[PDB]
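[1] so I pulled this structure from the PDB, and the sequence comes with it:
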Amino acid sequence: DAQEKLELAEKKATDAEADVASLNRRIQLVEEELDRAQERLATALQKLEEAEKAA
Amino acid sequence: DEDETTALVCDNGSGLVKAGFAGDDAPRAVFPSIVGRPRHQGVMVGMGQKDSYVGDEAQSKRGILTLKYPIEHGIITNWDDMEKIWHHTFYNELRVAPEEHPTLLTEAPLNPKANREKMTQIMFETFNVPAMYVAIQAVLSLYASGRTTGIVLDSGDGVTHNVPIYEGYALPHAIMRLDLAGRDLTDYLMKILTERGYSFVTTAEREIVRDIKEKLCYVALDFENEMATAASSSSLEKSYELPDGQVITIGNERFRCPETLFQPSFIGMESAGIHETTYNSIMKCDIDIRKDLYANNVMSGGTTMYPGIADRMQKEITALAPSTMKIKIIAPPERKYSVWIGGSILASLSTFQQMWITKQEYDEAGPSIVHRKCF
Amino acid sequence: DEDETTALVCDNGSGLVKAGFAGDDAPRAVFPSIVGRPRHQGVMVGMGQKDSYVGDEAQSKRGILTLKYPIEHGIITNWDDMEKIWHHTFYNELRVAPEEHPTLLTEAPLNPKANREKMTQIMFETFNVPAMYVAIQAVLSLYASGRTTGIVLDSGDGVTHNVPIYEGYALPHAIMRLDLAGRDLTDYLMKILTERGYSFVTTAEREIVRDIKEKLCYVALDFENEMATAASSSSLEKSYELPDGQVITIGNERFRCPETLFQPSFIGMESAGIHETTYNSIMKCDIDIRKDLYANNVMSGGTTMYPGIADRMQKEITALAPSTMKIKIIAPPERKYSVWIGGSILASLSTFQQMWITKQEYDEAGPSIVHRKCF
Amino acid sequence: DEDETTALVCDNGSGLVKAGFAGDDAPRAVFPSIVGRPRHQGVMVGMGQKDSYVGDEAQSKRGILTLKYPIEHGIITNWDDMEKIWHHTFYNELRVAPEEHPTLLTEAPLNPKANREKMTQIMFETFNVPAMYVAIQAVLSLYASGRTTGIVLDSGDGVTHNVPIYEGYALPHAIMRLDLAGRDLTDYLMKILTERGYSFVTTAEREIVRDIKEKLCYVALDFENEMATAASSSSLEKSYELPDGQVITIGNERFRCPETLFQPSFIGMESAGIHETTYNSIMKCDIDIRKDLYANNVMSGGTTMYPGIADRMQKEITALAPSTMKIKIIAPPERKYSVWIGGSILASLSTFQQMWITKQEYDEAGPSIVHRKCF
Ligand SMILES: Nc1ncnc2c1ncn2[C@@H]1O[C@H](COP(=O)(O)OP(=O)(O)O)[C@@H](O)[C@H]1O
Ligand SMILES: Nc1ncnc2c1ncn2[C@@H]1O[C@H](COP(=O)(O)OP(=O)(O)O)[C@@H](O)[C@H]1O
Ligand SMILES: Nc1ncnc2c1ncn2[C@@H]1O[C@H](COP(=O)(O)OP(=O)(O)O)[C@@H](O)[C@H]1O
């Protein structure tokens, strides 16, 4: 029972790990997009400042 | 994987290589001109690995590689590495063999002649291309930008050429070439980042510095005033993420690097900068040419993407130029990619379909033919 | 007993030796790496009594024997005792004469050369092995763990070498060897148990303590808090049965023993512990390597079976490591055996059959051949 | 003790501290850049014992101390420890309180800027020195050496700057900073002495290896010939007496340590060595300035005391140079102390008196004054 609970808890952890791992992949991909969007934004904003200077 | 035997176009320089099919509006393969080699002894068995890594492989596995470029200030000195870069770019990424297509390669007008002699030879002898044409980069810039007339200031990775063209003709006596380039700007930045406490001495580190420059640096319209502020306040610093999770913040170094293009003395070069060479090329052209060249200062190549550069160039040139005269900067979105775009435009012209050296004219004459047929 | 002339694998360290055949999952037999010798004349009838004992006989009869290990802090100096240990494991449990099978032995890259050379000499001259191969324990651990990249912290019985590998390549400038190992943790425990009223001095007392350590001790994720309670209450003590029926209990001293891996000053060592060496091997590598090694701290050797050791190693490194990048401990239930398993994996690779020193090469070159072919 | 308010001169590197007064031709005393601290719990009462020891005190009582270096790769990171080293140097050996005398400190130009600001700041704010001057280390070797032209290769304990100087001018675009220095050579020796069966890891042991290197190692004019014999015969081994009466002998490892200066891959560095950087410093200078630098490869600092180092540097550069010119190594007796000696020369020049930062100027401007007044 400790072993079944262990395999199960290991799976609670493995599944929780699969889920956090899925989430870690999502944070890495989304946060990378956050930063790319933020960088694209910084770019758009820097371009905006120049576009406004151009305006 | 294309269904037509169009000419292939490939702007392969000292930095990056851009390639695609003639007639399109963008390169399809954009890779570094790099062949990487391990600087470590393999320890584990059955690890795969390469003898050498090419293009994106070279940067992807760079943590243990020394990375070399085959092209030095515009000239190929290592054509074995070029064959691998071209093979990868053409066969693996563009999905085409030159064997079934004419190919267009590019070079500055005063690029040493051996450069054209080898680009022609490798495509005819190792890739069996049916035809070849080495193009002038300034020509391609003018086609890409919608011009026949202007000064092409090509700010390259290894060299700045600077050539005036009027009505499609070169004015070669007015070429003002400088040993001032994007690669020197990178070297300058790492020395000043060392001053800040962040030393970069290995290839992986060199690559980081080039990445910092490309994402964080700018010129703005007035350097000395921008530096007076950046040197006085933290509000001008920008953070960059280093590969190991650590960060570097960069202050006035953010612009001192790009500024070398206007102040070459920053890297020990005996030059007045890119705006003065643009001006001198106009100045040495005939008086009835000058007005059209002042109205058309044409950007080509990279570094043209620094915030404030199109405007910095117009400002610095109008400051040297005479009054009454109109000084304009041509700084199209086809920046850094304008040589490739021009290659596509030139290759697709009906007036250019008789210009490639055939695999017959080449076989009879040898590679010296490039100077009889291309430029 | 064995169907094929596969390589034999013998991870013979300063504590235990793991012997079996390549291609399998586990050693066929595990013996202490010892030869025992009596310091007493037997009195009773039916007590055996040998001039010398090997392996499990030496441990079983240890009450009147001094037990010597052939290995001092990672190297075999007692080549006569390693011949008995090898003969016993090979012929009595594996049921093999090495003459008919290749043999794989282990060490680390900064381990003194005498070890790989004497091991090679004995297997070829005493056992007539047809081939030999001395492997790196870090290499074997990464194969067992499903890695090509990572830090292998071989927390052995007499030494920790700590060897970083990236993409299958050695990074030798970053190897950080420590005179910190499981045998020292046992010695700490003997001294602290003496303070508790249970003195241990002789070999048979240094072993029982070794058993106490393996069953009662743990690392403790948080030392100070665990100690504040363990040093204050019997509810944190565990009981051990001594050979004469006496009972010893251990409180905060239970963790004090393994704590030496995190606080080597406990045994008079000028070191901050196994996580400092792990941290530095990663830090001494290039920045495009660092992030992959942080995410792959790989366990090898024993002491890894400590309730809290993996929990603590990941905590200790993430606390030192840069943010953003992942820090991970790779601590599979294949602890203490990750090298043997790796031995089997390497020995059985088809590409590894080109790595062997053959008997003919040995007879021509002598034992120095191991340095031409291994690593 | 001192009859004039001359400048005090001190070279505080990652290795040694050289100190004397301006006007002499040698430092009066040499101390290691070390602050030592007990790593043991005192047992006897009334034993005195300092909280910290400095310089020679730190080495003399090192048996129970851990010894730390406040300077890394040329930069002071621990100013508190340097204040203690400086106080000892100034008050106990030079017998001068800085308040009554100017002080000259020095650094290589690519040393992160924080170092020159702190050297200036500590001397003005904790010692109240009436004046300060942070000098260029490369320059000081040239003054001591009798030259205004040459490549100054200041390979020290933690880093090499390597700067070409012509007619008293720097050529800053041709500086080759490299992470190769005497401290790495020591680390390389510790790894290869471990291979021989002599592991050195603790402070006492690390200091022994630095002493072994300094007395037993050599470069070897011909690396291949020396390892072929040294690795094959005891006739090329040299004995060193260890502090406890035991001995160590070293064979080809004797030259493999300094070999790293020519072979940086031994310590994990992506470099071709000190002669490649010397060559490149020359090559990146103007055509009319490379014919004077070839004839003047100038040594600076230590790691230059090797039995063959000057012999090999001349050979390696002449082998790279396009003949024609003389290639010469300038390797004066003022070795390892040419930087200190130059400091004496510079501090005392009549043409340098206006270069001193006075305390009043410092107090008005703050620590940044070093960039307005020194270099
Ligand atoms: N954001 C940027 N900042 C600075 N330089 C840039 C930037 N974008 C592009 N460049 C430069 O573009 C160069 C490569 O483009 P390119 O001029 O087309 O090579 P080539 O003309 O010789 O074939 C590189 O030196 C790169 O640093
Ligand atoms: N539960 C445990 N608690 C404490 N230490 C352990 C435990 N299991 C294994 N070790 C230690 O690790 C060593 C055995 O594993 P191993 O390292 O593979 O043998 P070797 O060091 O000879 O290669 C012994 O010193 C043993 O005490
Ligand atoms: N005989 C020698 N053998 C090896 N190295 C030496 C010898 N003599 C001096 N050095 C090295 O010189 C270094 C310190 O010299 P120094 O150049 O004055 O430091 P710095 O100029 O950077 O302030 C030390 O690492 C020392 O080991």
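    Yes, it's here. Numbering: from 1, shown residues only, chains lettered A, B, ... in the order given. Ligands and ions are numbered 1, 2, ... in the order given.
[2] quick one: residue B:355 and residue B:134 touch, right?
    No - Residue B:355 lies out of contact with residue B:134 (CB atoms under 8 Å); the separation is 10.4 Å. Bear in mind the C-beta positions are built from the backbone N, C-alpha and C, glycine included.
[3] can you list residues touching both of these two?
    Common neighbours of residue B:355 and residue B:134, counting by CB atoms under 8 Å, 6 or more residues apart in numbering or on different chains, are residue B:374.
[4] just the helices in the stretch 51-200 of chain B please.
    When secondary structure is read from DSSP state H, counting those that start in this stretch, the stretch 51-200 of chain B shows helices at B:56-60, B:79-87, B:114-125, B:137-145, B:182-195.
[5] nearest to residue C:286, of these?
    When the helices of the stretch 51-200 of chain B are ranked by distance to residue C:286, counting by CB to CB, first place goes to helix B:56-60 at 13.5 Å.
[6] against which helices or strands is the closest one packed?
    Secondary structure elements in contact with helix B:56-60, counted by 3 or more CB pairs under 8 Å, 6 or more residues apart in numbering or on different chains; DSSP states H and E, are strand B:29-32, strand B:35-38, strand B:65-68.
[7] TSV please, covering these and showing distance to residue C:172 and mean neighbour count.
    Putting these into TSV (distance: least, CB to CB, whole Å; neighbours: other CB atoms under 10 Å in any protein chain shown) gives the following:
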stretch	distance to residue C:172	mean neighbour count
strand B:29-32	29	20
strand B:35-38	14	20
strand B:65-68	17	20
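[8] dump these into CSV; add distance to chain C as well.
    Written out in CSV, the entries for the helices and strands packed on helix B:56-60 read as follows (distance: least, CB to the nearest CB, whole Å):
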stretch, distance to chain C
strand B:29-32, 15
strand B:35-38, 6
strand B:65-68, 9
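[9] figure out which of those strands is closest to residue B:283.
    In this view, those are compared for proximity to residue B:283 by CB to CB, and strand B:29-32 is the closest at 36.2 Å.
[10] what strands line up against the closest one, and which way round?
    strand B:16-21 (antiparallel) (DSSP bridges).
[11] single out the most deeply packed of the helices of the stretch 51-200 of chain B.
    Mean neighbours per residue, mean count of other CB atoms under 10 Å in any protein chain shown, is largest over those for helix B:137-145, with a mean of 25.
[12] contacts for that one?
    Outside of helix B:137-145, the residues that reach it under the criterion CB under 8 Å, 6+ apart are B:11, B:106-109, B:147-150, B:152, B:154, B:161, B:163, B:165, B:168, B:170, B:298-301, B:330, B:332, B:334, B:337-343, B:345-346.
[13] mark which of these are buried, thanks.
    Under a neighbour-count criterion of 16 or more other CB atoms under 10 Å in any protein chain shown, the subset of those counted as buried comprises B:11, B:106-109, B:147, B:149-150, B:152, B:154, B:161, B:163, B:165, B:170, B:298-301, B:330, B:332, B:334, B:337-343, B:345-346.
[14] can you name the residues of chain B sitting close to chain C?
    Taking CB under 8 Å from any CB of the partner chain as the criterion, the neighbours of chain C within chain B are B:38, B:40-49, B:61-64, B:202, B:204-205, B:208, B:241-246.
[15] just the buried ones from those residues, in PyMOL syntax?
    Under the burial definition 16+ other CB under 10 Å, those of the residues of chain B next to chain C that qualify are selected in PyMOL by:
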select buried, chain B and resi 38+40+43+44+45+61+62+63+64+202+204+205+208+241+242+243+244+245+246
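[16] just the residues of chain B next to chain C: which are in helices?
    Secondary-structure check on the residues of chain B next to chain C using DSSP state H: residues within helices are B:204, B:205, B:208.
[17] mind putting those into CSV with distance to residue D:318?
    Formatted as CSV, these follow (distance: CB to CB, whole Å):
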residue, distance to residue D:318
B:204, 33
B:205, 31
B:208, 36
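[18] residue contacts, the nearest residue to residue B:75 once chain neighbours are set aside?
    Excluding the flanking residues, the one nearest residue B:75 by CB to CB, 6 or more residues apart in numbering or on different chains is residue B:115, at 4.6 Å. If a contact means CB under 8 Å, 6+ apart, then residue B:115 has B:74, B:75, B:76, B:107 as its contacts.
[19] what do you get for residue B:253?
    Residues near residue B:253 by CB under 8 Å, 6+ apart: B:189, B:192, B:193, B:195, B:196.
[20] any idea how far residue A:39 is from the residue of chain A found nearest chain C?
    Of chain A, the residue with the smallest distance to chain C, taken as CB to the nearest CB, is residue A:24 at 7.7 Å. The span separating residue A:24 from residue A:39 equals 21 Å under the rule CB to CB, to the nearest Å.
[21] same deal with residue B:276?
    Computed as CB to CB, the residue B:276 to residue A:39 distance reads 34 Å.
[22] looking at those two, which has the bigger crowd around it?
    For residue B:276 against residue A:39, the residue with the higher neighbour count under other CB atoms under 10 Å in any protein chain shown is residue B:276, and the figures read 19 against 13.
[23] quick one: contacts for the closest residue to that one other than its chain neighbours?
    Counting by CB to CB, 6+ apart, residue B:276 lies nearest to residue B:320, which is 6.5 Å off, once chain neighbours are set aside. Contact analysis of residue B:320 by CB under 8 Å, 6+ apart lists B:275, B:276, B:279.
[24] the one residue in chain A that gets nearest to ligand 1: which element?
    The nearest approach of chain A to ligand 1 comes at residue A:43, 9.9 Å away (CB to the nearest ligand atom). For residue A:43, the enclosing helix or strand under DSSP states H and E is helix A:2-54.
[25] related to what we said a few turns ago, give me every residue that touches the residue of chain A closest to chain C.
    The contact partners of residue A:24, by CB under 8 Å, 6+ apart, come to residue C:326.
[26] about what we covered before: so which of the buried ones among the contacts of helix B:137-145 reach chain A?
    Among those, proximity to chain A is found for none (CB under 8 Å from any CB).
[27] just those residues: which are in strands?
    Counted as lying in strands by DSSP state E, out of the buried ones among the contacts of helix B:137-145, are B:11, B:106, B:107, B:150, B:152, B:163, B:165, B:170, B:298, B:299, B:330.
[28] who does the second one bridge with?
    According to DSSP bridges, the partner residues bridging residue B:106 are residue B:135.
[29] for residue B:6, grab the count of nearby residues.
    Applying the criterion other CB under 10 Å, we find 18 residues in the vicinity of residue B:6.
[30] quick one: residues contacting the closest residue to residue B:124 other than its chain neighbours.
    In this structure, residue B:124 finds its nearest non-sequential neighbour in residue B:362, 4.9 Å apart by CB to CB, 6+ apart. Contact analysis of residue B:362 by CB under 8 Å, 6+ apart lists B:120, B:124, B:132, B:369.
[31] any figure for the gap between residue B:362 and chain A?
    For residue B:362, the distance to chain A (CB to the nearest CB, to the nearest Å) stands at 45 Å.
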